[PDB]
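Structural description and commentary
The lines below spell out each chain.
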Amino acid sequence: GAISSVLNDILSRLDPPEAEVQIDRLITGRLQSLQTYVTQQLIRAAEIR
Amino acid sequence: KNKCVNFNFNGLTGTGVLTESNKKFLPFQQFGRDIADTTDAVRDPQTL
């Protein structure tokens, strides 16, 4: 949902108050991406053991 | 070169070690990207 996936672009374009909105969108999704990875690794961890 | 530096080229901001690359870009090509879509290499606009 962010204007651009590059953080440097958001900081080099939008003002400080406007950049926080775009950066929050990227962080929120990247959190879900890590949660998906760890979730799968824990499942596979039970299989390999 | 051969040092980690903050480079800004044609408005592209980033931090990385600058080194000479053997990859040949066609005259029209500008910036390359790796498997991760991150910049693989850049081009100095003044001295090509």
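Residues numbered from 1 in each chain as written, not as in the entry; some residues may be left out. Chains lettered and ligands numbered in written order. Part of a larger assembly, values for the part shown. Heavy atoms only, no water.

Its PDB header names cryo-EM as the technique used to obtain the model and reports a resolution of 3.4 Å.

1. A few points about unusual backbone geometry
All names here are of chain B. What counts is decided by this rule: The numbering of helices and of strands both runs from the N terminus, where a helix is a DSSP run of H or I of at least 4 residues and a strand a run of E of at least 2. When accessible area is computed with a 1.4 Å probe and restricted to protein chains, residues below 20% of their type maximum are described as buried, those above 50% as exposed, and intermediate ones as partly exposed.
With phi around 60°, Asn 2 is a residue other than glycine that occupies positive phi space. By secondary structure assignment, the location of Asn 2 is in the segment before β1 (4–9). With a relative accessible area of 65%, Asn 2 lands in the exposed category. Although it is not a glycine, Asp 37 sits at a positive phi angle of roughly 75°. With respect to the secondary-structure elements, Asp 37 resides in the loop between β3 (32–33) and β4 (39–41). Judged by relative accessible area, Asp 37 falls into the exposed class, the value being 52%.

2. Observations regarding helix α2 (residues 16–48) of chain A
Residue and element names in this part refer to chain A. In plain terms, the rule: In this analysis, the expected span of each helix is defined as 1.5 Å times one less than the number of residues it contains. Working rule for contacts: check all heavy atoms of both residues, and any pair within 4.5 Å makes them a contact. Pairs of N or O atoms are called polar contacts if they sit within 3.5 Å, as long as, within protein, a hydrogen donor faces a hydrogen acceptor (for residues adjacent in sequence, only side-chain-to-side-chain pairs).
Over its 33 residues, α2 extends 47 Å from the first C-alpha to the last, a length consistent with the 48 Å expected when each residue adds 1.5 Å. Of the positions making up α2, those classed as buried are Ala 19, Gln 22 and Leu 26. Tucked inside the fold, the buried residues of α2 contact α1 (7–13). N-capping of α2 is provided by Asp 15, with a side-chain oxygen placed 2.5 Å from the backbone N of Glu 18.

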